[PDB]
């Protein structure tokens, strides 16, 4: 019934707001607080390992917030632990990527980082200009679409709950959860006249895989670098 779907929309959006890491209003407020050339040079002077270690810590914290989000979705804690881990492993980094658009300012093409906004040059020490440029382009595309907070909530909830992920054991429970979330999101998009917004989303699987790969690389080779 319509009331149940409205309540599911409310609950998903509430959980997302609870686990969104940074409130969108604070991001918009800090938009005016931009790194000075001295601070950008400071970040560019860091070693590749120092900068990658910081970025990987941030990505890990974001993955933890996405796990917290999943845990607050009705029915996800009913799935067996194996299915929970399969779903999180397969979708959490994509959800991090989606979330990152909230901290992107298309006007000046800067992103929030460690308290202030800075352009792409902040990451000169990462030596992965291709991946950095690609993730900035992805965030730019999502910002251009004016993806709202409720839309991010519902789309990420559906990114996580996917019954087609290889490894699932209880495919029917996951199917039912995904179907209820699809109903909720469809009703929301109809209310807002945003039905076609999903055909315009760009791909994100490759970027998320590369980010997870860098995180794993840093975990692995930590004995050959400083504490």
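Basically, rigid core = biggest C-alpha set you can superpose within 1.5 Å across the two forms. Residue numbers count along the first chain shown, from 1.
- Core-fitted comparison in 6 other deposited structures of this protein shows that, between 196 to 204 and 180 to 188, the CA atoms farther from the shown form belong to 196 to 204.
- Across the superposed structures in 6 other deposited structures of this protein, aligned by the core, the stretch whose Cα atoms lie more distant on average is 166 to 174, chosen from 166 to 174 and 25 to 33.
- Legend: mean Cα B-factor per stretch from the PDB entry, 48 to 56 versus 35 to 43; the higher mean is in 35 to 43.
- In this entry, 73 to 81 has the higher mean Cα B-factor, the comparison being between 135 to 143 and 73 to 81.
- Comparing the listed residues 116, 89, 124, 102, the entry records the largest Cα B-factor for 124.
- Sorting the modelled residues of the chain by their CA temperature factor places residue 183 in the middle third.
- Placement of the Cα temperature factor of residue 95 within the chain: lowest third of the modelled residues, per the deposited record.
- In this PDB entry, residue 168 carries a Cα temperature factor that places it within the highest third of its chain's modelled residues.
- Sorting the modelled residues of the chain by their CA temperature factor places residue 151 in the lowest third.
- Among the modelled residues of its chain, residue 111 has a C-alpha B-factor that falls in the middle third according to the deposited record.
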